[PDB]
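In this analysis, Cβ positions are derived from the backbone assuming ideal geometry, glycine residues included, and neighbour counts consider all displayed protein chains. Only the coordinates and a few stated rules stand behind these numbers; no lab work does.
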Amino acid sequence: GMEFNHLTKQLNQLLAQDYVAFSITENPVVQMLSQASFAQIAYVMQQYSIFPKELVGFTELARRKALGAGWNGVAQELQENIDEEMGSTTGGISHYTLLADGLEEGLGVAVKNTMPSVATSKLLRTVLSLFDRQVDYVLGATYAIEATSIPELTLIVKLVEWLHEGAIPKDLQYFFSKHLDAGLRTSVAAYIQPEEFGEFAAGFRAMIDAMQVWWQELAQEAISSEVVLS
């Protein structure tokens, strides 16, 4: 209803105003592009790729939290998200695979079997700690994934275009266009009570904070490869 709609609009605005990681100009990797080598930005993309993979499992944890609380409509919406990320609208090919295959075909950058870096491992541990809380908080963090999706994908398009000398592979271009050229919010609205809006907001905040910290740390990891110990 109106009060939850106000909250979700607010959280989207918060993200747009206050978070440089989701800015197409102020993201810390974008800010290092003048000085960065191909290898360094390829490293960022290898690490980045881990996150969409792992987010399917986190969405599963949120689905289970929703079921556990009797938020059945939300569990159903989350199942549809999982099905889509695992390929239900892209011929059975997961979104992760489209990205990974596209990076390999376009750049010769292998990302499958990438181990998380210190920063990425820290992100994944932090995120799990959020997805282990009560349903309202967990769904806030889950809504943060949805809210960050478009700004994130816009940054990824930029970095991938920066890396490519020519056109990007056509399947990868479709992956991007399908995302960039309401269901979760409306489902949660049916169950969430006003007394838990604060917990939903807290989960959202915690997730976007964790993701921002990761982008910052991953920019430092990338640039540090040419540092001479001093």
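Here are some notes:
- Answer residue from segment 81-132, given it is over 17 Å from the mean Cα position of the chain (by Cα) and of a type in the set (D, E, K, R) and is farthest from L172 (Cα to Cα) among those: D132
- Within segment 179-230, the set of residues being closer than 21 Å to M32 by Cβ and either polar (S, T, N, Q) or touching a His at 6+ places or on another chain (Cβ under 6 Å) (or both) comprises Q212, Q216, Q220, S224, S225, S230.
- Meets criteria (in a helix (DSSP H, G or I) and under 24 Å from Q76 (Cβ atoms)) for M207: yes
- Selection from segment 188-203 of residues that are over 15 Å from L11 (Cα atoms), part of a helix (DSSP H, G or I) and of a type outside the set (D, E): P194
- Scan of segment 177-215 for residues that are polar (S, T, N, Q) and surrounded by fewer than 17 Cβ atoms within 10 Å (Cβ to Cβ), ordered by number: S177, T186, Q193
- Every residue from segment 1-53 that is surrounded by fewer than 19 Cβ atoms within 10 Å (Cβ to Cβ), of a type in the set (A, V, I, L, M) and assigned to a loop (DSSP other than H, G, I, E, B): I24, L33
- Candidates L11, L78, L7: the one that is under 18 Å from the mean Cα position of the chain (by Cα) and more than 25 Å from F175 (Cβ to Cβ) is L11.
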